[PDB]
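Q: Input structure: data_37.pdb, which contains PDB, N, CA and C atoms and all ligand atoms.
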```pdb
ATOM      1  N   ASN C 212     172.046 -87.002 173.542
ATOM      2  CA  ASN C 212     171.543 -87.670 174.741
ATOM      3  C   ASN C 212     172.678 -88.078 175.678
ATOM      4  N   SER C 213     173.729 -87.267 175.727
ATOM      5  CA  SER C 213     174.889 -87.561 176.554
ATOM      6  C   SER C 213     175.277 -86.332 177.355
ATOM      7  N   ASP C 214     175.589 -86.537 178.628
ATOM      8  CA  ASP C 214     176.177 -85.466 179.415
ATOM      9  C   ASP C 214     177.628 -85.274 178.999
ATOM     10  N   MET C 215     178.008 -84.024 178.773
ATOM     11  CA  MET C 215     179.325 -83.685 178.261
ATOM     12  C   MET C 215     180.043 -82.792 179.261
ATOM     13  N   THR C 216     181.363 -82.942 179.329
ATOM     14  CA  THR C 216     182.175 -82.215 180.292
ATOM     15  C   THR C 216     183.364 -81.572 179.596
ATOM     16  N   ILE C 217     183.571 -80.282 179.859
ATOM     17  CA  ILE C 217     184.803 -79.588 179.512
ATOM     18  C   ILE C 217     185.332 -78.963 180.794
ATOM     19  N   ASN C 218     186.655 -78.808 180.869
ATOM     20  CA  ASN C 218     187.326 -78.708 182.165
ATOM     21  C   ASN C 218     187.567 -77.275 182.638
ATOM     22  N   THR C 219     188.344 -76.500 181.883
ATOM     23  CA  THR C 219     188.896 -75.243 182.378
ATOM     24  C   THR C 219     188.108 -74.022 181.914
ATOM     25  N   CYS C 220     186.802 -74.160 181.714
ATOM     26  CA  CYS C 220     185.996 -73.080 181.171
ATOM     27  C   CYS C 220     184.903 -72.661 182.145
ATOM     28  N   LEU C 221     184.426 -71.437 181.956
ATOM     29  CA  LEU C 221     183.308 -70.893 182.708
ATOM     30  C   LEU C 221     182.040 -70.943 181.864
ATOM     31  N   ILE C 222     180.893 -70.851 182.543
ATOM     32  CA  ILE C 222     179.610 -70.921 181.855
ATOM     33  C   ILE C 222     179.412 -69.752 180.908
ATOM     34  N   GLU C 223     180.102 -68.635 181.145
ATOM     35  CA  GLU C 223     179.930 -67.461 180.299
ATOM     36  C   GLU C 223     180.440 -67.700 178.884
ATOM     37  N   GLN C 224     181.461 -68.541 178.721
ATOM     38  CA  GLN C 224     182.080 -68.761 177.421
ATOM     39  C   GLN C 224     181.487 -69.945 176.673
ATOM     40  N   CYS C 225     180.217 -70.271 176.902
ATOM     41  CA  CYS C 225     179.587 -71.379 176.202
ATOM     42  C   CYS C 225     178.173 -71.008 175.780
ATOM     43  N   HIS C 226     177.808 -71.413 174.566
ATOM     44  CA  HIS C 226     176.472 -71.212 174.020
ATOM     45  C   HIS C 226     175.923 -72.570 173.615
ATOM     46  N   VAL C 227     174.786 -72.951 174.191
ATOM     47  CA  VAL C 227     174.217 -74.282 174.017
ATOM     48  C   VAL C 227     172.757 -74.158 173.600
ATOM     49  N   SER C 228     172.343 -74.979 172.633
ATOM     50  CA  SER C 228     170.981 -74.934 172.114
ATOM     51  C   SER C 228     170.471 -76.338 171.835
ATOM     52  N   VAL C 229     169.217 -76.591 172.208
ATOM     53  CA  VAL C 229     168.586 -77.881 171.962
ATOM     54  C   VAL C 229     168.259 -78.033 170.481
ATOM     55  N   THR C 230     168.323 -79.269 169.992
ATOM     56  CA  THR C 230     167.928 -79.602 168.630
ATOM     57  C   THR C 230     166.881 -80.706 168.660
ATOM     58  N   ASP C 231     165.790 -80.503 167.922
ATOM     59  CA  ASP C 231     164.748 -81.513 167.773
ATOM     60  C   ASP C 231     164.012 -81.245 166.473
ATOM     61  N   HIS C 232     163.870 -82.280 165.645
ATOM     62  CA  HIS C 232     163.224 -82.155 164.345
ATOM     63  C   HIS C 232     162.214 -83.269 164.117
ATOM     64  N   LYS C 233     161.605 -83.768 165.186
ATOM     65  CA  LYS C 233     160.593 -84.800 165.043
ATOM     66  C   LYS C 233     159.221 -84.243 164.692
ATOM     67  N   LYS C 234     159.030 -82.925 164.771
ATOM     68  CA  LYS C 234     157.717 -82.330 164.572
ATOM     69  C   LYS C 234     157.853 -80.963 163.920
ATOM     70  N   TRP C 235     156.970 -80.687 162.964
ATOM     71  CA  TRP C 235     156.804 -79.376 162.357
ATOM     72  C   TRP C 235     156.123 -78.401 163.315
ATOM     73  N   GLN C 236     156.139 -77.127 162.933
ATOM     74  CA  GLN C 236     155.383 -76.091 163.626
ATOM     75  C   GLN C 236     155.096 -74.974 162.633
ATOM     76  N   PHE C 237     154.172 -74.093 163.012
ATOM     77  CA  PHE C 237     153.650 -73.096 162.088
ATOM     78  C   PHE C 237     154.707 -72.060 161.718
ATOM     79  N   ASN C 238     154.594 -71.553 160.491
ATOM     80  CA  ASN C 238     155.528 -70.592 159.910
ATOM     81  C   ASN C 238     155.303 -69.193 160.490
ATOM     82  N   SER C 239     155.448 -69.099 161.808
ATOM     83  CA  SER C 239     155.132 -67.869 162.515
ATOM     84  C   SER C 239     156.159 -66.786 162.200
ATOM     85  N   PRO C 240     155.747 -65.519 162.176
ATOM     86  CA  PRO C 240     156.698 -64.421 161.972
ATOM     87  C   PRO C 240     157.375 -63.919 163.238
ATOM     88  N   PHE C 241     157.075 -64.500 164.394
ATOM     89  CA  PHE C 241     157.743 -64.159 165.637
ATOM     90  C   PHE C 241     158.781 -65.194 166.050
ATOM     91  N   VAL C 242     158.975 -66.243 165.256
ATOM     92  CA  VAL C 242     160.001 -67.246 165.525
ATOM     93  C   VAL C 242     160.936 -67.286 164.323
ATOM     94  N   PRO C 243     162.226 -67.540 164.509
ATOM     95  CA  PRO C 243     163.158 -67.506 163.379
ATOM     96  C   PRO C 243     163.156 -68.797 162.574
ATOM     97  N   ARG C 244     163.706 -68.699 161.370
ATOM     98  CA  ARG C 244     163.791 -69.821 160.450
ATOM     99  C   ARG C 244     165.056 -70.633 160.695
ATOM    100  N   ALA C 245     165.067 -71.845 160.141
ATOM    101  CA  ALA C 245     166.204 -72.747 160.283
ATOM    102  C   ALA C 245     167.178 -72.613 159.116
ATOM    103  N   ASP C 246     166.703 -72.849 157.900
ATOM    104  CA  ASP C 246     167.538 -72.803 156.712
ATOM    105  C   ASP C 246     167.024 -71.732 155.761
ATOM    106  N   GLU C 247     167.956 -71.096 155.054
ATOM    107  CA  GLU C 247     167.582 -70.026 154.132
ATOM    108  C   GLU C 247     166.660 -70.493 153.011
ATOM    109  N   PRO C 248     166.916 -71.611 152.317
ATOM    110  CA  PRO C 248     165.969 -72.032 151.270
ATOM    111  C   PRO C 248     164.566 -72.253 151.793
ATOM    112  N   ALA C 249     164.432 -72.667 153.053
ATOM    113  CA  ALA C 249     163.148 -72.749 153.745
ATOM    114  C   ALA C 249     162.192 -73.714 153.038
ATOM    115  N   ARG C 250     162.569 -74.987 153.056
ATOM    116  CA  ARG C 250     161.607 -76.019 152.702
ATOM    117  C   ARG C 250     160.549 -76.121 153.793
ATOM    118  N   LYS C 251     159.302 -76.323 153.379
ATOM    119  CA  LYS C 251     158.163 -76.194 154.273
ATOM    120  C   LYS C 251     157.167 -77.305 153.969
ATOM    121  N   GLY C 252     155.965 -77.170 154.524
ATOM    122  CA  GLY C 252     154.896 -78.125 154.310
ATOM    123  C   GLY C 252     153.542 -77.451 154.321
ATOM    124  N   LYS C 253     152.467 -78.226 154.445
ATOM    125  CA  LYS C 253     151.120 -77.674 154.423
ATOM    126  C   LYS C 253     150.219 -78.496 155.331
ATOM    127  N   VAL C 254     149.174 -77.850 155.843
ATOM    128  CA  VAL C 254     148.196 -78.474 156.729
ATOM    129  C   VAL C 254     146.853 -77.800 156.485
ATOM    130  N   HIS C 255     145.850 -78.581 156.095
ATOM    131  CA  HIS C 255     144.518 -78.033 155.879
ATOM    132  C   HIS C 255     143.919 -77.571 157.200
ATOM    133  N   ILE C 256     143.178 -76.467 157.161
ATOM    134  CA  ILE C 256     142.638 -75.876 158.384
ATOM    135  C   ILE C 256     141.121 -76.042 158.397
ATOM    136  N   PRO C 257     140.491 -76.143 159.558
ATOM    137  CA  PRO C 257     139.060 -76.450 159.612
ATOM    138  C   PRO C 257     138.209 -75.219 159.326
ATOM    139  N   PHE C 258     136.892 -75.405 159.452
ATOM    140  CA  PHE C 258     135.889 -74.348 159.415
ATOM    141  C   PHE C 258     135.917 -73.548 158.118
ATOM    142  N   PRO C 259     135.453 -74.109 157.007
ATOM    143  CA  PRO C 259     135.357 -73.334 155.768
ATOM    144  C   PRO C 259     134.137 -72.419 155.769
ATOM    145  N   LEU C 260     134.135 -71.489 154.819
ATOM    146  CA  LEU C 260     132.986 -70.618 154.614
ATOM    147  C   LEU C 260     131.850 -71.379 153.939
ATOM    148  N   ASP C 261     130.615 -71.009 154.274
ATOM    149  CA  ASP C 261     129.450 -71.681 153.713
ATOM    150  C   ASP C 261     128.254 -70.741 153.721
ATOM    151  N   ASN C 262     127.224 -71.122 152.968
ATOM    152  CA  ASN C 262     126.001 -70.343 152.829
ATOM    153  C   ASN C 262     124.948 -70.808 153.825
ATOM    154  N   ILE C 263     124.286 -69.849 154.469
ATOM    155  CA  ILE C 263     123.110 -70.124 155.291
ATOM    156  C   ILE C 263     122.070 -69.044 155.031
ATOM    157  N   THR C 264     120.978 -69.067 155.788
ATOM    158  CA  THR C 264     120.018 -67.975 155.803
ATOM    159  C   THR C 264     119.955 -67.363 157.194
TER     160      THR C 264
ATOM    161  N   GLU F  99     177.768 -59.351 164.801
ATOM    162  CA  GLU F  99     177.835 -59.861 163.436
ATOM    163  C   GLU F  99     176.704 -60.867 163.260
ATOM    164  N   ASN F 100     175.508 -60.347 162.993
ATOM    165  CA  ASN F 100     174.298 -61.157 162.870
ATOM    166  C   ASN F 100     173.339 -60.377 161.992
ATOM    167  N   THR F 101     172.834 -60.992 160.930
ATOM    168  CA  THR F 101     171.928 -60.313 160.014
ATOM    169  C   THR F 101     170.581 -61.017 159.968
ATOM    170  N   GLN F 102     169.512 -60.225 159.932
ATOM    171  CA  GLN F 102     168.160 -60.729 159.745
ATOM    172  C   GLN F 102     167.683 -60.403 158.338
ATOM    173  N   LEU F 103     166.989 -61.353 157.720
ATOM    174  CA  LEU F 103     166.455 -61.200 156.372
ATOM    175  C   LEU F 103     164.937 -61.117 156.463
ATOM    176  N   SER F 104     164.396 -59.922 156.254
ATOM    177  CA  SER F 104     162.966 -59.675 156.345
ATOM    178  C   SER F 104     162.340 -59.723 154.960
ATOM    179  N   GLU F 105     161.147 -60.305 154.876
ATOM    180  CA  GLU F 105     160.521 -60.561 153.589
ATOM    181  C   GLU F 105     159.009 -60.583 153.754
ATOM    182  N   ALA F 106     158.299 -60.051 152.759
ATOM    183  CA  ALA F 106     156.844 -60.034 152.770
ATOM    184  C   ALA F 106     156.336 -59.756 151.366
ATOM    185  N   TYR F 107     155.132 -60.246 151.075
ATOM    186  CA  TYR F 107     154.477 -59.974 149.801
ATOM    187  C   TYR F 107     152.968 -60.098 149.977
ATOM    188  N   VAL F 108     152.243 -59.896 148.878
ATOM    189  CA  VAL F 108     150.795 -59.732 148.878
ATOM    190  C   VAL F 108     150.162 -60.848 148.060
ATOM    191  N   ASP F 109     149.081 -61.419 148.580
ATOM    192  CA  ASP F 109     148.326 -62.441 147.877
ATOM    193  C   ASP F 109     146.849 -62.080 147.865
ATOM    194  N   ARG F 110     146.147 -62.628 146.883
ATOM    195  CA  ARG F 110     144.701 -62.503 146.796
ATOM    196  C   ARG F 110     144.036 -63.256 147.947
ATOM    197  N   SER F 111     142.871 -62.769 148.364
ATOM    198  CA  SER F 111     142.213 -63.279 149.558
ATOM    199  C   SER F 111     141.834 -64.749 149.406
ATOM    200  N   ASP F 112     141.545 -65.381 150.545
ATOM    201  CA  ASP F 112     141.134 -66.778 150.537
ATOM    202  C   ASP F 112     139.732 -66.958 149.973
ATOM    203  N   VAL F 113     138.861 -65.969 150.153
ATOM    204  CA  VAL F 113     137.466 -66.094 149.752
ATOM    205  C   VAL F 113     137.160 -65.140 148.607
ATOM    206  N   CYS F 114     138.181 -64.793 147.823
ATOM    207  CA  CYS F 114     137.986 -63.854 146.727
ATOM    208  C   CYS F 114     136.992 -64.365 145.697
ATOM    209  N   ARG F 115     136.788 -65.680 145.615
ATOM    210  CA  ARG F 115     135.757 -66.243 144.756
ATOM    211  C   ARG F 115     134.379 -66.187 145.389
ATOM    212  N   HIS F 116     134.298 -65.938 146.691
ATOM    213  CA  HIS F 116     133.029 -65.890 147.396
ATOM    214  C   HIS F 116     132.518 -64.478 147.611
ATOM    215  N   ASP F 117     133.400 -63.482 147.629
ATOM    216  CA  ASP F 117     132.964 -62.094 147.622
ATOM    217  C   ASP F 117     134.035 -61.237 146.966
ATOM    218  N   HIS F 118     133.622 -60.459 145.973
ATOM    219  CA  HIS F 118     134.504 -59.615 145.182
ATOM    220  C   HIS F 118     133.616 -58.685 144.374
ATOM    221  N   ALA F 119     134.241 -57.743 143.680
ATOM    222  CA  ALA F 119     133.530 -56.801 142.832
ATOM    223  C   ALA F 119     134.044 -56.917 141.409
ATOM    224  N   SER F 120     133.124 -56.951 140.454
ATOM    225  CA  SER F 120     133.452 -57.085 139.045
ATOM    226  C   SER F 120     133.317 -55.739 138.356
ATOM    227  N   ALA F 121     134.319 -55.383 137.566
ATOM    228  CA  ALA F 121     134.291 -54.185 136.744
ATOM    229  C   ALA F 121     133.967 -54.578 135.311
ATOM    230  N   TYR F 122     132.957 -53.939 134.732
ATOM    231  CA  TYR F 122     132.433 -54.308 133.428
ATOM    232  C   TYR F 122     132.438 -53.111 132.492
ATOM    233  N   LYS F 123     132.141 -53.392 131.226
ATOM    234  CA  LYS F 123     131.805 -52.390 130.225
ATOM    235  C   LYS F 123     130.507 -52.814 129.562
ATOM    236  N   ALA F 124     129.531 -51.916 129.532
ATOM    237  CA  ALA F 124     128.179 -52.245 129.107
ATOM    238  C   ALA F 124     127.899 -51.650 127.734
ATOM    239  N   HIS F 125     127.405 -52.480 126.820
ATOM    240  CA  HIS F 125     127.078 -52.068 125.462
ATOM    241  C   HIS F 125     125.578 -52.208 125.237
ATOM    242  N   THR F 126     125.182 -52.063 123.975
ATOM    243  CA  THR F 126     123.792 -52.118 123.536
ATOM    244  C   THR F 126     123.004 -53.206 124.248
ATOM    245  N   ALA F 127     121.817 -52.842 124.714
ATOM    246  CA  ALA F 127     120.960 -53.727 125.481
ATOM    247  C   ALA F 127     119.843 -54.281 124.610
ATOM    248  N   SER F 128     119.278 -55.399 125.053
ATOM    249  CA  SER F 128     118.269 -56.124 124.295
ATOM    250  C   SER F 128     116.977 -56.183 125.091
ATOM    251  N   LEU F 129     115.917 -55.599 124.543
ATOM    252  CA  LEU F 129     114.602 -55.717 125.148
ATOM    253  C   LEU F 129     114.067 -57.135 124.989
ATOM    254  N   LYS F 130     113.315 -57.583 125.992
ATOM    255  CA  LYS F 130     112.757 -58.931 125.978
ATOM    256  C   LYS F 130     111.522 -58.923 126.880
ATOM    257  N   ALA F 131     110.344 -58.852 126.273
ATOM    258  CA  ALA F 131     109.102 -58.677 127.004
ATOM    259  C   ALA F 131     108.375 -60.006 127.188
ATOM    260  N   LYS F 132     107.210 -59.929 127.825
ATOM    261  CA  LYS F 132     106.330 -61.077 128.038
ATOM    262  C   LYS F 132     104.903 -60.560 127.896
ATOM    263  N   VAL F 133     104.275 -60.853 126.765
ATOM    264  CA  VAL F 133     103.022 -60.226 126.370
ATOM    265  C   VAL F 133     101.906 -61.259 126.405
ATOM    266  N   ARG F 134     100.739 -60.841 126.887
ATOM    267  CA  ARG F 134      99.538 -61.665 126.880
ATOM    268  C   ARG F 134      98.600 -61.182 125.785
ATOM    269  N   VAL F 135      98.183 -62.096 124.912
ATOM    270  CA  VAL F 135      97.313 -61.783 123.784
ATOM    271  C   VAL F 135      95.971 -62.465 124.004
ATOM    272  N   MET F 136      94.888 -61.746 123.712
ATOM    273  CA  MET F 136      93.538 -62.245 123.943
ATOM    274  C   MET F 136      92.621 -61.782 122.825
ATOM    275  N   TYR F 137      91.994 -62.734 122.140
ATOM    276  CA  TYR F 137      90.947 -62.440 121.171
ATOM    277  C   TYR F 137      90.140 -63.706 120.948
ATOM    278  N   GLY F 138      88.829 -63.553 120.815
ATOM    279  CA  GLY F 138      87.980 -64.708 120.614
ATOM    280  C   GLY F 138      87.992 -65.660 121.790
ATOM    281  N   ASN F 139      88.632 -66.815 121.622
ATOM    282  CA  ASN F 139      88.716 -67.815 122.679
ATOM    283  C   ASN F 139      90.148 -68.112 123.101
ATOM    284  N   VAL F 140      91.120 -67.306 122.684
ATOM    285  CA  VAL F 140      92.522 -67.578 122.978
ATOM    286  C   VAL F 140      92.932 -66.778 124.205
ATOM    287  N   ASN F 141      93.777 -67.385 125.036
ATOM    288  CA  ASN F 141      94.242 -66.797 126.292
ATOM    289  C   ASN F 141      95.661 -67.321 126.499
ATOM    290  N   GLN F 142      96.642 -66.581 125.993
ATOM    291  CA  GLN F 142      98.023 -67.028 126.058
ATOM    292  C   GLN F 142      98.950 -65.852 126.306
ATOM    293  N   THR F 143     100.065 -66.145 126.963
ATOM    294  CA  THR F 143     101.143 -65.194 127.173
ATOM    295  C   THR F 143     102.430 -65.811 126.645
ATOM    296  N   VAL F 144     103.181 -65.042 125.861
ATOM    297  CA  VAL F 144     104.353 -65.540 125.152
ATOM    298  C   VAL F 144     105.567 -64.719 125.548
ATOM    299  N   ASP F 145     106.707 -65.385 125.666
ATOM    300  CA  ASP F 145     107.978 -64.711 125.877
ATOM    301  C   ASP F 145     108.595 -64.420 124.516
ATOM    302  N   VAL F 146     108.849 -63.147 124.236
ATOM    303  CA  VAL F 146     109.254 -62.718 122.906
ATOM    304  C   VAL F 146     110.410 -61.733 123.029
TER     305      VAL F 146
HETATM  306  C1  LIG C 301     126.754 -69.257 148.084
HETATM  307  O1  LIG C 301     126.014 -69.598 146.906
HETATM  308  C2  LIG C 301     126.448 -68.926 145.716
HETATM  309  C3  LIG C 301     125.498 -69.332 144.614
HETATM  310  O2  LIG C 301     124.413 -68.422 144.502
HETATM  311  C4  LIG C 301     127.894 -69.299 145.422
HETATM  312  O3  LIG C 301     128.331 -68.601 144.263
HETATM  313  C5  LIG C 301     128.766 -68.939 146.616
HETATM  314  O4  LIG C 301     130.104 -69.361 146.386
HETATM  315  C6  LIG C 301     128.231 -69.600 147.883
HETATM  316  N1  LIG C 301     129.016 -69.196 149.036
HETATM  317  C7  LIG C 301     129.703 -70.057 149.791
HETATM  318  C8  LIG C 301     130.453 -69.465 150.942
HETATM  319  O5  LIG C 301     129.719 -71.259 149.554
HETATM  320  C1  LIG C 302      92.408 -65.748 130.833
HETATM  321  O1  LIG C 302      91.984 -64.442 130.514
HETATM  322  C2  LIG C 302      91.341 -63.813 131.628
HETATM  323  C3  LIG C 302      90.719 -62.537 131.117
HETATM  324  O2  LIG C 302      89.559 -62.817 130.345
HETATM  325  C4  LIG C 302      92.361 -63.600 132.740
HETATM  326  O3  LIG C 302      91.707 -63.019 133.862
HETATM  327  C5  LIG C 302      92.984 -64.931 133.138
HETATM  328  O4  LIG C 302      94.056 -64.707 134.046
HETATM  329  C6  LIG C 302      93.497 -65.689 131.911
HETATM  330  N1  LIG C 302      93.921 -67.028 132.284
HETATM  331  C7  LIG C 302      95.050 -67.284 132.951
HETATM  332  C8  LIG C 302      95.323 -68.728 133.250
HETATM  333  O5  LIG C 302      95.817 -66.392 133.299
END
```
Represent the supplied structure as structure tokens.
Ligand SMILES: *[C@@H]1O[C@H](CO)[C@@H](O)[C@H](O)[C@H]1NC(C)=O
Ligand SMILES: *[C@@H]1O[C@H](CO)[C@@H](O)[C@H](O)[C@H]1NC(C)=O
A:
Amino acid sequence: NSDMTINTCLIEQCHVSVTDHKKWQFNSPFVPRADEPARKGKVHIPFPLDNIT
Amino acid sequence: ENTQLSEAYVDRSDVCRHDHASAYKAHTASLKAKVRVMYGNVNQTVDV
């Protein structure tokens, strides 16, 4: 949460990425993982199967 | 210099207990009838 300054460099020579871990998200196969061991969690999903006529 | 680790496997369906096919082996069968007997004043049907 701080603005940072470096002096004699160009924007091309810097790689910057946001970090936030206040919330989980789904284990999608189109987004990459964080850690190799891959600790995870679970969330029950609605609408179960049931019998009708 | 960057490597991706791809991984996948197979699991049984979520509703496999609600719809599936059972493979069996069938042996000697047992007859079991339901007969009605009538004589005189009796009127009954028995499971035998
Ligand atoms: C529907 O009822 C049958 C019992 O005849 C049960 O075995 C089956 O699991 C039921 N299906 C669902 C989706 O609850
Ligand atoms: C009693 O026997 C008669 C034939 O005499 C039959 O028509 C009737 O169905 C029998 N009674 C019952 C309750 O089934």
Q: Spell out the residues picked by the PyMOL selection byres (((not hetatm)) within 5 of (chain C and resi 301)) here, as an MDAnalysis selection string.
A: (chainID C and resid 260:262) or (chainID F and resid 116)
Q: Take atom N of residue 246 (chain C) and atom N of residue 101 (chain F) and report the distance between them in Å, one decimal.
A: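 Straight-line distance from atom N of residue 246 (chain C) to atom N of residue 101 (chain F) works out to 13.7 Å.
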Q: Please give me, as a PyMOL selection string, the residues lying within 12 Å of ligand LIG 302 (chain C) when counting only C-alpha atoms and all ligand atoms.
A: chain F and resi 133-144
Q: To one decimal in Å, tell me the separation between atom C of residue 258 (chain C) and atom C of residue 107 (chain F).
A: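 Computing it gives 23.2 Å between the two atoms.
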Q: Report, in Å with one decimal, the straight-line distance from atom C of residue 115 (chain F) to atom C of residue 259 (chain C).
A: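 Distance reported for this atom pair: 12.1 Å.
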Q: May I have the residues of chain F within 12 Å of chain C, counting only C-alpha atoms, written as number ranges by chain?
A: F: 101-106, 112-117
Q: May I have the selected residues written with N, CA and C atoms, as a short mmCIF file (atom, residue, chain, number, x, y, z; two decimals), in the coordinates of the input?
A:
```cif
data_model
loop_
_atom_site.label_atom_id
_atom_site.label_comp_id
_atom_site.auth_asym_id
_atom_site.auth_seq_id
_atom_site.Cartn_x
_atom_site.Cartn_y
_atom_site.Cartn_z
N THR F 101 172.83 -60.99 160.93
CA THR F 101 171.93 -60.31 160.01
C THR F 101 170.58 -61.02 159.97
N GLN F 102 169.51 -60.22 159.93
CA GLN F 102 168.16 -60.73 159.74
C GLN F 102 167.68 -60.40 158.34
N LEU F 103 166.99 -61.35 157.72
CA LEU F 103 166.46 -61.20 156.37
C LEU F 103 164.94 -61.12 156.46
N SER F 104 164.40 -59.92 156.25
CA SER F 104 162.97 -59.68 156.34
C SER F 104 162.34 -59.72 154.96
N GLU F 105 161.15 -60.30 154.88
CA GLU F 105 160.52 -60.56 153.59
C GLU F 105 159.01 -60.58 153.75
N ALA F 106 158.30 -60.05 152.76
CA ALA F 106 156.84 -60.03 152.77
C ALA F 106 156.34 -59.76 151.37
N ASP F 112 141.54 -65.38 150.54
CA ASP F 112 141.13 -66.78 150.54
C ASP F 112 139.73 -66.96 149.97
N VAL F 113 138.86 -65.97 150.15
CA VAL F 113 137.47 -66.09 149.75
C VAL F 113 137.16 -65.14 148.61
N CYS F 114 138.18 -64.79 147.82
CA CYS F 114 137.99 -63.85 146.73
C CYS F 114 136.99 -64.36 145.70
N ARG F 115 136.79 -65.68 145.62
CA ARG F 115 135.76 -66.24 144.76
C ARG F 115 134.38 -66.19 145.39
N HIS F 116 134.30 -65.94 146.69
CA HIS F 116 133.03 -65.89 147.40
C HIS F 116 132.52 -64.48 147.61
N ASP F 117 133.40 -63.48 147.63
CA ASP F 117 132.96 -62.09 147.62
C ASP F 117 134.04 -61.24 146.97
#
```
Q: Set up a box along x, y and z of the file covering all listed atoms of region 220-228 of chain C, add 4 Å on every one of the six sides, and write the centre and edge lengths in Å to one decimal, as JSON.
A:
```
{"center_x": 178.6, "center_y": -71.9, "center_z": 177.3, "size_x": 24.3, "size_y": 16.9, "size_z": 18.9}
```
Q: Show me, as a PyMOL selection string, the residues that have an atom within 7 Å of residue 145 (chain F) when counting only N, CA and C atoms, minus same-chain residues fewer than 5 positions from it.
A: chain F and resi 130-133
Q: Could you give me, as an NGL selection string, the residues that sit within 9 Å of (157.5, -77.9, 155.3) in the file's coordinates, counting only C-alpha atoms?
A: :C and (235-236 or 238 or 249-253)
